[PDB]
Amino acid sequence: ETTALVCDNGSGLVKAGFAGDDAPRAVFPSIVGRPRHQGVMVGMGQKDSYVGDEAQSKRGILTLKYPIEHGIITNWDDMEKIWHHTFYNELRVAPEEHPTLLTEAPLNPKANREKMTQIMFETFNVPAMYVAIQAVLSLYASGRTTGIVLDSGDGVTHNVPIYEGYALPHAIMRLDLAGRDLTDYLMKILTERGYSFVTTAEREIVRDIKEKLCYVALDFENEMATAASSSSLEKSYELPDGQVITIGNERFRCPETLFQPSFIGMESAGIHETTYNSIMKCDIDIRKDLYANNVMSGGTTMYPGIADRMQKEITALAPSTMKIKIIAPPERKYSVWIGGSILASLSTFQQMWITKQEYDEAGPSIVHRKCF
Amino acid sequence: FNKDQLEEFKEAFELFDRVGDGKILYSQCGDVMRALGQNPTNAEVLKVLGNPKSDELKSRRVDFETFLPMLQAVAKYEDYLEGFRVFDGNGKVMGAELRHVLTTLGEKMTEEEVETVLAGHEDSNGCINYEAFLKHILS
Amino acid sequence: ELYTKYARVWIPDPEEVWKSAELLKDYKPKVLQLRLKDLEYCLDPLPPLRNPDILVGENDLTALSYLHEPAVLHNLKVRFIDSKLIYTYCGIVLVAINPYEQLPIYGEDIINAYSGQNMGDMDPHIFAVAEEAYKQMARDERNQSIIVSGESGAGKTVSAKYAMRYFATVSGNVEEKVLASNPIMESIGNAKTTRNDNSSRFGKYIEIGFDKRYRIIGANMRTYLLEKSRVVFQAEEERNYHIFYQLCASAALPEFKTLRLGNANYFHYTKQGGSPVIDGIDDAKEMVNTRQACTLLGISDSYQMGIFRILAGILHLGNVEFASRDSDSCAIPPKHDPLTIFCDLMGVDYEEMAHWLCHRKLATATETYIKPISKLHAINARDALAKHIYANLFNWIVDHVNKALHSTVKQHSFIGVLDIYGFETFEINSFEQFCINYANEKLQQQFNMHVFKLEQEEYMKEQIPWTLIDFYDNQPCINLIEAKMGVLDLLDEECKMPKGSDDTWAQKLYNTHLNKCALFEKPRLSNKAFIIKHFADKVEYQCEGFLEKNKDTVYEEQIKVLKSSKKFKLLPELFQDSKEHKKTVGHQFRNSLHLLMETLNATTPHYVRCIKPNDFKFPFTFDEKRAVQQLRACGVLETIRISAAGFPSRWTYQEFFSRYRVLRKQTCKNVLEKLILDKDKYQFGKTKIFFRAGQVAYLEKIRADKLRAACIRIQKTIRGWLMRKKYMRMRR
Amino acid sequence: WXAXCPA
Ligand SMILES: Nc1ncnc2c1ncn2[C@@H]1O[C@H](COP(=O)(O)OP(=O)(O)O)[C@@H](O)[C@H]1O
Ligand SMILES: Nc1ncnc2c1ncn2[C@@H]1O[C@H](COP(=O)(O)OP(=O)(O)O)[C@@H](O)[C@H]1O
Ligand SMILES: [Mg+2]
Ligand SMILES: [Mg+2]
């Protein structure tokens, strides 16, 4: 019949597909490329801009900007391209003809919501729209009604406690460490081994290193001394030209910054201590049900070792008699979109959508009243 | 009724006196009233008789003098024709149907009564000219 | 008002829904005086009124001058018990009651007598509807369908069997083949339930086709509304489908032994019912009938063993057990012997099944992922696979069977004959009954809209304004069950919702409907249960079963695994010809019912209703509480009530005038205007006079009063002259 | 953002 679109604007990926699907139909980096060089040939192709995997095809010739930084849309005319590319090229489907669901971080400036709504009706004339908190959808994907969601994406890390389907909006934590700023630290220490990675297209080369080779120390001083003691950790990577580069203690040292934001020069404590300090804000009766239901979410939690580090370190904060449990399906990178696909299909949800007529009557303020 | 009428009626009544006491039974009263030229319904006969019960109908006795007011009370063609025309429109009536209605509707008669009254009035089909039957039964 | 001394009325009895009374004294406007011996009886803040006996037992129950539930019960009681006339008419609907003894009635002489003759002209018998269908089909090309509905064991299958015998005798090898199909269909698709044994759980449709000259070409079979859910689940002292028991009791025969079966109480799909043996049916013998029917109907013996192999597969599947190894991760034990048997039988690798049963696969366009899943999801998936295999096997057997019935020459038109379970109540009610009573709602909707059309057309056959007619609209309850934010839709939603349970489902039901709809209600002594006001009756459904019955999802990996088998040709052949793998039982049932209704709505219906006169079986003898229940479930009683409003009487001017003249069109209307003061009580048609309920009885009253007055006048005249002749005899 | 951070 007619099936809602589900679209999730990360900082580092777009995931999109139809509701009811098992997995997203199109994924590509939320990146816009422009040429930065003199055109030599007439009869060369002309395009003003390359979006996503096109821009990743030709990155050597391009300047690459992300429109989203710390989950905030920083300029609109690029993002409106990324959505144009998504609906017309990737999904090959008219946005005029399907409900659409759009996915955002829990605290970011509320103009971001206003404009994100405004474009869907005013530019695309989508029939119906909603906006949903990522940490909620992580529970729908996990198949739970009660839990604390730890979420870390490309651009934002946040916690939300949810107990029996009630959120605790006083209890919510946000951190602006994320996979991007791990990558920016990874460049700066990679320099110490005498490899130098300067430019915007070259940063993605670093990002591939971070994805392939990093892992999280279980005991940081022992693994540091072990790497100092021997090559046994040391592992090496090819480069697109065929150079090989070889990396030692460093390959774990970046994931450690999520637990010690002192390295990057943040004030706030690691994701473990902020998770605990989120739990403390909940009523004591709740807390046993959160301590079991820790849910990992988002791609930055994909590193091997992070579940064991989380359990081992939050265990040392909690009262000993509790059980700590950590729930990390390998789906989890997808899970925010899977959850949104689950939500968008429910019949109860159909009774709430921002509808075109209601938007026209209310104006773009309507989101703040209706949506949350 | 005048003295002459009373004498003829009394003589007839005495012919109906089967006990010699100058009286008839209530159950004979209707027969005597009809025999004297009246055509009362059974209901009218019982009413002038006072709607008697079986016991007094069979054993209470009245002389001519007590019977007479009842006969008087009882005494006080086109309707007769329409009544017969109910069962007609060629002027005939089935013998089977007339027999059934006469023995099962109205003041139901016995099969022997119906055979007696119908004798000579039905044709070969078993149909009765009711205007002629009516004139006969009114004489 | 009319009442007199020796008028008669009906009053209720605790063991007979109505009993006779004579009215002993008659009243104007609070207590009635009745004789039965004798009782007084109250009026309350009027009784039924009863037909003059000449009318009673007339062949069409709307001939009656008073119409009501006592009269129609009485008429069916006398016609069945006294006269042995089972077939009876109300309106257009035939009503049939199993005589439970063989009869002469079906003989060829009667067939030949009915053929070519009109519906009023003959007394009712099914040939009278079948011949009407045939003659309507001739009168214009439009396809005719014939619909038989009734409770389990009431006689629907046999009624259709004779209805086909009619066409095979008149037009007409088709008959032998169709009658030989039944032991196959009853074996795969009939089941045993606490209300009775041998209950069909699916809706079965036979098309009979004809040439341009209405000689008979051949036959097609379809099926609808299969109860997939019975395969995995059984209520106390129900059974799964017959063929599973026939197989288990056959398990010792030298054919089957490779199937390695146990006794019938060993298999988890058989075991749950707690009722291995039906009284007096030796199913081990009974399948030999089905195998004869298969062989005669051209399923090759090479296929036949494949069928039993597959069903043994299903049973060996149900006995597979799951350990649980951490909170989120089921596992199959280090070796599990019945899974080994399942793999031997169907040839898929043990270890490939052990992996895919235990785990789920999730794959994007760019990567593939494999998940563990809980023992609950393992069980839900196993059962959904068992249901999917069964439903495909069934639909393949049906696809073979209709091969033999088809003919190569194309039919000009067809008569479609349908056997389907009627509206139903059980002393616990469950998702199965909720489906069955939904389908019965859809059917009776069509039935009403057709009867309404028929009477609309019959009115404007003559000058009378249509506006007087009205009909029962049941559409709000269909919208309740079917439409979005309805009982089925919230059940399929809670299947998705990440923790779902009959408590939380009930709470959704209440929050959505509890005082938003007049037709949905809660029983005040339980949260678990909800009431729906169906057209007949209010029934209480327990949520306790629903979700586990509601849920299908087949993991594609296990289908692929079965599809890969080379061990025998049937198993891949079943799967040939996704989104359907997601669809729940409730959605598959809705879609199937839509296909059925689009099949029926194309055609002009005719109707039979078949009602079971006693709960426990005695030849030719009749209960009355059950018969009233059945006639309510058929909706006949509502049709009677709504016919009792309006103009349930017709008479021709010709039959009326001759008798009423005892007291040309205007002369007869002058007679009526004399006899009845009020025009509203009657209406004039071109050919017929219409009257409201029992006004013809009042006309009989005034006629009989005339006839007594006239006969009394005649009898008085006769007595008068005859007694004069008695006195002349007394003189003589 | 608009203050405490670059976005
Ligand atoms: N296998 C992996 N291991 C570690 N990090 C990864 C892996 N795959 C992707 N990432 C990083 O995770 C981030 C993307 O996380 P994601 O939740 O998709 O962000 P968003 O959803 O906000 O776009 C990027 O920095 C990406 O480089
Ligand atoms: N019209 C009939 N005449 C004689 N016997 C009948 C008739 N209808 C049913 N029966 C008997 O009652 C049984 C039950 O009815 P049947 O039609 O077989 O079940 P169902 O009503 O479920 O189709 C029949 O097998 C037959 O023995
Ligand atoms: Mg994310
Ligand atoms: Mg049957």
# chains A, B, ... in the order shown; residues from 1 in each chain; ligands from 1
>>> residues_near_ligand(ligand="ligand 2", cutoff="10 Å", atoms="only C-alpha atoms and all ligand atoms", output="ChimeraX atom specification")
/C:86-87,96-103,105-106,126,148-162,186,190,196-201,419-421,610-612,617,619-620
>>> write_last_selection(atoms="C-alpha atoms", output="PDB file, in the first residue's frame")
ATOM      1  CA  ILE C  86     -37.122 -31.922   6.884  1.00  0.00           C
ATOM      2  CA  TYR C  87     -36.649 -29.315   4.146  1.00  0.00           C
ATOM      3  CA  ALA C  96     -32.481 -28.074   6.748  1.00  0.00           C
ATOM      4  CA  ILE C  97     -32.313 -30.365   9.773  1.00  0.00           C
ATOM      5  CA  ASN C  98     -30.487 -33.649   9.648  1.00  0.00           C
ATOM      6  CA  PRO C  99     -33.038 -36.487   9.768  1.00  0.00           C
ATOM      7  CA  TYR C 100     -30.230 -38.858  10.806  1.00  0.00           C
ATOM      8  CA  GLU C 101     -32.081 -41.711   9.110  1.00  0.00           C
ATOM      9  CA  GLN C 102     -31.961 -42.615   5.443  1.00  0.00           C
ATOM     10  CA  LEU C 103     -35.098 -41.798   3.472  1.00  0.00           C
ATOM     11  CA  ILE C 105     -36.922 -38.793  -0.505  1.00  0.00           C
ATOM     12  CA  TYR C 106     -33.845 -38.487  -2.733  1.00  0.00           C
ATOM     13  CA  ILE C 126     -32.707 -29.201  -2.047  1.00  0.00           C
ATOM     14  CA  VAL C 148     -24.589 -24.045   2.744  1.00  0.00           C
ATOM     15  CA  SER C 149     -23.796 -22.982   6.293  1.00  0.00           C
ATOM     16  CA  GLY C 150     -24.229 -24.740   9.600  1.00  0.00           C
ATOM     17  CA  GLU C 151     -22.560 -25.952  12.739  1.00  0.00           C
ATOM     18  CA  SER C 152     -20.241 -28.946  12.847  1.00  0.00           C
ATOM     19  CA  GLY C 153     -21.856 -32.271  11.982  1.00  0.00           C
ATOM     20  CA  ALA C 154     -25.124 -30.636  10.956  1.00  0.00           C
ATOM     21  CA  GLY C 155     -25.186 -32.201   7.476  1.00  0.00           C
ATOM     22  CA  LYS C 156     -23.616 -29.606   5.127  1.00  0.00           C
ATOM     23  CA  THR C 157     -21.299 -32.001   3.289  1.00  0.00           C
ATOM     24  CA  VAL C 158     -24.081 -34.517   2.625  1.00  0.00           C
ATOM     25  CA  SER C 159     -26.458 -31.724   1.589  1.00  0.00           C
ATOM     26  CA  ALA C 160     -23.909 -30.617  -1.002  1.00  0.00           C
ATOM     27  CA  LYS C 161     -23.365 -34.239  -2.051  1.00  0.00           C
ATOM     28  CA  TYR C 162     -27.032 -34.545  -2.999  1.00  0.00           C
ATOM     29  CA  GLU C 186     -11.809 -34.634   5.127  1.00  0.00           C
ATOM     30  CA  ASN C 190     -11.055 -32.025   9.116  1.00  0.00           C
ATOM     31  CA  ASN C 196     -18.036 -32.930  17.950  1.00  0.00           C
ATOM     32  CA  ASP C 197     -15.678 -35.171  16.031  1.00  0.00           C
ATOM     33  CA  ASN C 198     -15.073 -34.707  12.297  1.00  0.00           C
ATOM     34  CA  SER C 199     -15.406 -30.920  12.181  1.00  0.00           C
ATOM     35  CA  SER C 200     -14.131 -29.262   9.010  1.00  0.00           C
ATOM     36  CA  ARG C 201     -11.748 -26.420   9.835  1.00  0.00           C
ATOM     37  CA  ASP C 419     -19.487 -25.743   2.349  1.00  0.00           C
ATOM     38  CA  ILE C 420     -18.435 -23.536   5.245  1.00  0.00           C
ATOM     39  CA  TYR C 421     -18.768 -23.562   9.017  1.00  0.00           C
ATOM     40  CA  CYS C 610     -28.373 -26.471   8.129  1.00  0.00           C
ATOM     41  CA  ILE C 611     -29.074 -26.840  11.848  1.00  0.00           C
ATOM     42  CA  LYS C 612     -28.344 -29.706  14.226  1.00  0.00           C
ATOM     43  CA  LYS C 617     -27.193 -38.201  18.593  1.00  0.00           C
ATOM     44  CA  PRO C 619     -32.218 -40.688  15.158  1.00  0.00           C
ATOM     45  CA  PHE C 620     -34.948 -38.394  13.981  1.00  0.00           C
TER      46      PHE C 620
END
>>> residues_near_ligand(ligand="ligand 1", cutoff="10 Å", atoms="only C-alpha atoms and all ligand atoms", output="CSV table (one decimal) with N, CA and C atoms, in the first residue's frame")
chain,number,residue,atom,x,y,z
A,8,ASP,N,17.8,8.2,8.9
A,8,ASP,CA,18.6,8.6,10.1
A,8,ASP,C,19.8,9.4,9.6
A,9,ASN,N,19.8,10.6,10.0
A,9,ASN,CA,20.9,11.5,9.7
A,9,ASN,C,21.9,11.4,10.8
A,10,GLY,N,22.9,10.6,10.6
A,10,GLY,CA,24.1,10.6,11.5
A,10,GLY,C,25.0,11.8,11.2
A,11,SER,N,26.1,11.9,12.0
A,11,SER,CA,27.1,12.8,11.5
A,11,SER,C,28.0,12.1,10.4
A,12,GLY,N,28.1,10.8,10.4
A,12,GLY,CA,29.1,10.2,9.5
A,12,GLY,C,28.5,9.2,8.5
A,13,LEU,N,27.2,8.9,8.7
A,13,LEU,CA,26.5,8.1,7.7
A,13,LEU,C,25.1,8.6,7.6
A,14,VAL,N,24.5,8.4,6.4
A,14,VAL,CA,23.0,8.3,6.3
A,14,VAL,C,22.6,6.8,6.2
A,15,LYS,N,21.7,6.4,6.9
A,15,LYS,CA,21.0,5.1,6.8
A,15,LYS,C,19.6,5.4,6.4
A,27,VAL,N,23.0,2.9,2.4
A,27,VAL,CA,23.9,3.6,3.3
A,27,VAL,C,25.1,4.2,2.6
A,28,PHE,N,25.5,5.4,2.9
A,28,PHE,CA,26.6,6.1,2.3
A,28,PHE,C,27.0,7.2,3.3
A,29,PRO,N,28.2,7.7,3.2
A,29,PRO,CA,28.7,8.7,4.2
A,29,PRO,C,28.0,10.1,3.8
A,30,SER,N,27.7,10.8,4.9
A,30,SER,CA,27.0,12.0,4.8
A,30,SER,C,28.0,13.2,4.5
A,68,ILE,N,27.1,18.0,9.0
A,68,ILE,CA,26.7,17.8,10.4
A,68,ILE,C,27.9,17.7,11.2
A,69,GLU,N,27.9,18.5,12.3
A,69,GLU,CA,29.0,18.4,13.3
A,69,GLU,C,28.5,18.5,14.7
A,70,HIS,N,28.8,17.4,15.5
A,70,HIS,CA,28.1,17.2,16.7
A,70,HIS,C,26.6,17.3,16.6
A,71,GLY,N,26.1,16.4,15.7
A,71,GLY,CA,24.7,16.3,15.4
A,71,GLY,C,23.9,17.5,15.1
A,103,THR,N,15.6,11.4,12.4
A,103,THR,CA,16.1,10.9,13.7
A,103,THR,C,17.3,11.8,14.1
A,104,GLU,N,17.2,12.2,15.4
A,104,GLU,CA,18.0,13.3,15.9
A,104,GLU,C,18.5,13.0,17.3
A,105,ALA,N,19.5,13.8,17.7
A,105,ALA,CA,20.1,13.7,19.1
A,105,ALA,C,19.2,14.4,20.1
A,134,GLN,N,17.2,9.1,19.2
A,134,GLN,CA,18.0,7.9,18.9
A,134,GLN,C,18.0,6.8,20.0
A,151,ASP,N,24.9,5.6,23.8
A,151,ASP,CA,24.9,5.8,22.4
A,151,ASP,C,26.1,6.6,22.1
A,152,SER,N,26.9,6.2,21.1
A,152,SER,CA,27.9,7.0,20.5
A,152,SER,C,28.0,6.8,19.0
A,153,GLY,N,27.8,7.9,18.3
A,153,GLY,CA,27.8,7.9,16.8
A,153,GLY,C,29.1,8.5,16.3
A,154,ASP,N,29.0,9.0,15.1
A,154,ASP,CA,30.1,9.8,14.6
A,154,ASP,C,30.3,11.1,15.3
A,155,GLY,N,29.2,11.8,15.6
A,155,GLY,CA,29.4,13.2,16.1
A,155,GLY,C,28.9,13.5,17.5
A,156,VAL,N,28.1,12.6,18.1
A,156,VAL,CA,27.6,12.8,19.4
A,156,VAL,C,27.5,11.5,20.3
A,157,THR,N,27.8,11.6,21.5
A,157,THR,CA,27.6,10.6,22.5
A,157,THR,C,26.7,11.0,23.6
A,178,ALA,N,33.4,11.9,20.1
A,178,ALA,CA,32.8,11.0,19.2
A,178,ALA,C,33.9,10.5,18.2
A,179,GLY,N,33.5,9.5,17.4
A,179,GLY,CA,34.4,8.9,16.4
A,179,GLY,C,35.2,9.9,15.6
A,180,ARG,N,34.6,11.0,15.2
A,180,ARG,CA,35.4,12.0,14.5
A,180,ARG,C,36.5,12.5,15.4
A,181,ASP,N,36.3,12.8,16.7
A,181,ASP,CA,37.3,13.4,17.5
A,181,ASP,C,38.3,12.4,17.9
A,182,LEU,N,37.9,11.1,17.9
A,182,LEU,CA,38.9,10.0,18.0
A,182,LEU,C,39.8,10.1,16.8
A,183,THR,N,39.3,10.4,15.6
A,183,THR,CA,40.1,10.4,14.4
A,183,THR,C,41.1,11.5,14.4
A,204,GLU,N,39.9,10.5,5.8
A,204,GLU,CA,39.2,9.2,5.7
A,204,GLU,C,40.2,8.0,5.7
A,206,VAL,N,42.7,7.9,7.5
A,206,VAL,CA,42.9,7.6,8.9
A,206,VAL,C,41.7,6.8,9.5
A,207,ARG,N,40.5,7.2,9.0
A,207,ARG,CA,39.3,6.6,9.6
A,207,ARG,C,39.3,5.1,9.3
A,208,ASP,N,39.8,4.7,8.1
A,208,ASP,CA,39.8,3.3,7.8
A,208,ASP,C,40.8,2.6,8.8
A,209,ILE,N,41.9,3.3,9.2
A,209,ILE,CA,42.8,2.7,10.1
A,209,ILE,C,42.1,2.5,11.4
A,210,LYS,N,41.4,3.5,11.9
A,210,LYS,CA,40.7,3.5,13.2
A,210,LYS,C,39.7,2.3,13.2
A,211,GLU,N,38.9,2.2,12.1
A,211,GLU,CA,37.9,1.1,12.0
A,211,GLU,C,38.6,-0.3,12.0
A,212,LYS,N,39.6,-0.5,11.2
A,212,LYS,CA,40.2,-1.8,11.1
A,212,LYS,C,41.1,-2.2,12.3
A,213,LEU,N,41.9,-1.3,12.8
A,213,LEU,CA,43.0,-1.8,13.7
A,213,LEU,C,42.8,-1.4,15.2
A,214,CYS,N,42.0,-0.5,15.5
A,214,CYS,CA,41.9,-0.1,16.9
A,214,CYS,C,41.3,-1.2,17.7
A,215,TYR,N,41.6,-1.2,19.0
A,215,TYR,CA,40.9,-2.0,20.0
A,215,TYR,C,41.1,-1.4,21.4
A,255,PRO,N,41.0,4.6,21.4
A,255,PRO,CA,39.9,4.2,22.2
A,255,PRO,C,39.9,4.5,23.6
A,297,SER,N,25.0,1.3,21.9
A,297,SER,CA,24.4,1.8,20.6
A,297,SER,C,25.4,2.6,19.9
A,298,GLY,N,25.3,2.5,18.5
A,298,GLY,CA,26.0,3.4,17.7
A,298,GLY,C,27.4,2.9,17.3
A,299,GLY,N,27.9,3.3,16.2
A,299,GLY,CA,29.0,2.7,15.5
A,299,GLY,C,30.3,2.9,16.4
A,300,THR,N,30.5,4.0,17.1
A,300,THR,CA,31.6,4.2,17.9
A,300,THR,C,31.8,3.2,19.0
A,301,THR,N,30.7,2.4,19.3
A,301,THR,CA,30.8,1.4,20.3
A,301,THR,C,31.2,0.0,19.6
A,302,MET,N,31.6,0.0,18.4
A,302,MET,CA,31.9,-1.2,17.7
A,302,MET,C,33.3,-1.8,18.0
A,303,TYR,N,34.2,-1.0,18.7
A,303,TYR,CA,35.5,-1.5,18.9
A,303,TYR,C,35.5,-2.8,19.7
A,304,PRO,N,36.4,-3.7,19.3
A,304,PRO,CA,36.5,-4.9,20.2
A,304,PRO,C,37.1,-4.6,21.5
A,330,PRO,N,26.0,-7.4,17.5
A,330,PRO,CA,26.8,-6.8,16.4
A,330,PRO,C,25.9,-6.1,15.4
A,332,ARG,N,24.4,-3.6,16.4
A,332,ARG,CA,24.1,-2.3,17.1
A,332,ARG,C,24.4,-1.1,16.2
A,333,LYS,N,25.3,-1.1,15.3
A,333,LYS,CA,25.6,0.0,14.4
A,333,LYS,C,24.3,0.4,13.6
A,334,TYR,N,23.5,-0.6,13.2
A,334,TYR,CA,22.2,-0.5,12.6
A,334,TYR,C,21.1,-0.1,13.5
A,335,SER,N,21.2,-0.5,14.8
A,335,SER,CA,20.1,-0.7,15.6
A,335,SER,C,19.2,0.5,15.7
A,336,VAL,N,19.8,1.8,15.7
A,336,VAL,CA,18.9,2.9,15.7
A,336,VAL,C,18.0,3.0,14.5
A,337,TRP,N,18.4,2.5,13.3
A,337,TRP,CA,17.5,2.5,12.2
A,337,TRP,C,16.6,1.3,12.3
>>> interface_residues(of="chain B", to="chain C", cutoff="7 Å", atoms="only C-alpha atoms", output="list in words")
residues 15, 31, 34, 35, 36, 37, 38, 39, 40, 41, 83, 86, 105, 106, 107, 137 and 138 of chain B
>>> write_last_selection(atoms="C-alpha atoms", output="mmCIF file, in the first residue's frame")
data_model
loop_
_atom_site.group_PDB
_atom_site.id
_atom_site.type_symbol
_atom_site.label_atom_id
_atom_site.label_comp_id
_atom_site.auth_asym_id
_atom_site.auth_seq_id
_atom_site.Cartn_x
_atom_site.Cartn_y
_atom_site.Cartn_z
ATOM 1 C CA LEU B 15 -99.912 -33.845 22.464
ATOM 2 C CA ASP B 31 -89.465 -28.419 20.037
ATOM 3 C CA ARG B 34 -90.716 -24.560 16.722
ATOM 4 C CA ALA B 35 -93.667 -26.932 16.137
ATOM 5 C CA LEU B 36 -96.043 -23.976 16.663
ATOM 6 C CA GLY B 37 -94.526 -21.931 13.829
ATOM 7 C CA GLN B 38 -91.709 -20.103 15.588
ATOM 8 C CA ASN B 39 -88.133 -20.212 14.284
ATOM 9 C CA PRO B 40 -86.005 -19.416 17.363
ATOM 10 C CA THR B 41 -82.283 -19.959 17.652
ATOM 11 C CA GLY B 83 -77.794 -16.485 4.472
ATOM 12 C CA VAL B 86 -73.314 -17.340 1.506
ATOM 13 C CA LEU B 105 -70.980 -25.179 11.927
ATOM 14 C CA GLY B 106 -73.816 -23.205 13.451
ATOM 15 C CA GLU B 107 -76.433 -25.250 15.292
ATOM 16 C CA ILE B 137 -88.683 -24.792 5.072
ATOM 17 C CA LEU B 138 -90.585 -21.536 5.683
#
>>> residues_around(residues="segment 1-6 of chain D", least_positions_apart="4", cutoff="9 Å", atoms="only C-alpha atoms", output="MDAnalysis selection string")
chainID A and resid 69:70 72 74 108:109 176
>>> closest_atom_pairs(of="chain C", to="chain A", cutoff="6 Å", atoms="only C-alpha atoms", output="JSON lines")
{"residue": "C:364", "atom": "CA", "partner": "A:23", "partner_atom": "CA", "distance": 5.2}
{"residue": "C:493", "atom": "CA", "partner": "A:346", "partner_atom": "CA", "distance": 5.7}
{"residue": "C:498", "atom": "CA", "partner": "A:143", "partner_atom": "CA", "distance": 4.4}
>>> write_last_selection(atoms="C-alpha atoms", output="compact mmCIF listing (two decimals), in the first residue's frame")
# COMPACT_ATOMS: atom_id res chain seq x y z
CA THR C 364 22.18 -5.33 4.78
CA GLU C 493 0.90 -4.68 16.45
CA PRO C 498 9.15 -5.43 22.05
>>> residues_around(residues="residue 440 of chain C", least_positions_apart="3", cutoff="8 Å", atoms="only C-alpha atoms", output="JSON, numbers by chain")
{"C": [422, 423, 436, 437, 443, 444]}
>>> select_by_dssp(residues="segment 242-403 of chain C", states="alpha helix (DSSP H)", output="ChimeraX atom specification")
/C:242-250,268-271,283-296,301-318,337-346,350-358,375-403
>>> atom_distance(atom1="atom CA of residue 283 of chain A", atom2="atom CA of residue 494 of chain C")
29.0 Å
>>> select_by_dssp(residues="chain B", states="strand (DSSP E or B)", output="count of residues only")
10
>>> atom_distance(atom1="atom CA of residue 639 of chain C", atom2="atom CA of residue 115 of chain C")
28.7 Å
>>> atom_distance(atom1="atom CA of residue 34 of chain C", atom2="atom CA of residue 21 of chain C")
5.9 Å
>>> residues_around(residues="segment 233-236 of chain A", least_positions_apart="2", cutoff="9 Å", atoms="only C-alpha atoms", output="ChimeraX atom specification")
/A:213,223,226-227,230-231,238,244-249,251
>>> residues_around(residues="segment 244-259 of chain C", least_positions_apart="4", cutoff="8 Å", atoms="only C-alpha atoms", output="count of residues only")
15
>>> closest_residue(among="A:91, A:314, A:338, A:328", to="ligand 3", atoms="only C-alpha atoms and all ligand atoms")
A:338
>>> closest_residue(among="C:438, C:687, C:634, C:595", to="residue 458 of chain C", atoms="only C-alpha atoms")
C:687
>>> closest_residue(among="A:270, A:340, A:169, A:364", to="ligand 3", atoms="only C-alpha atoms and all ligand atoms")
A:340
>>> decode(residues="chain D", atoms="N, CA, C and O atoms", output="compact mmCIF listing (two decimals), in the first residue's frame")
# COMPACT_ATOMS: atom_id res chain seq x y z
N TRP D 1 27.67 24.40 17.33
CA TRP D 1 26.65 25.05 18.10
C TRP D 1 26.45 26.48 17.90
O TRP D 1 26.01 26.91 16.87
N UNK D 2 26.74 27.29 18.89
CA UNK D 2 26.55 28.69 18.76
C UNK D 2 27.38 29.22 19.82
O UNK D 2 27.60 30.40 19.89
N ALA D 3 27.89 28.39 20.70
CA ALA D 3 28.70 28.97 21.74
C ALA D 3 29.76 28.01 22.12
O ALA D 3 30.73 27.89 21.43
N UNK D 4 29.62 27.31 23.24
CA UNK D 4 30.56 26.35 23.77
C UNK D 4 31.17 25.38 22.81
O UNK D 4 31.96 24.59 23.25
N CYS D 5 30.89 25.37 21.50
CA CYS D 5 31.50 24.43 20.56
C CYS D 5 31.43 25.00 19.17
O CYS D 5 30.68 25.91 18.91
N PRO D 6 32.23 24.53 18.21
CA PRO D 6 32.29 25.00 16.83
C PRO D 6 31.03 24.75 16.06
O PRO D 6 30.77 25.49 15.15
N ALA D 7 30.20 23.71 16.40
CA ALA D 7 29.03 23.67 15.49
C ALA D 7 27.91 24.45 16.03
O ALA D 7 27.22 25.12 15.30
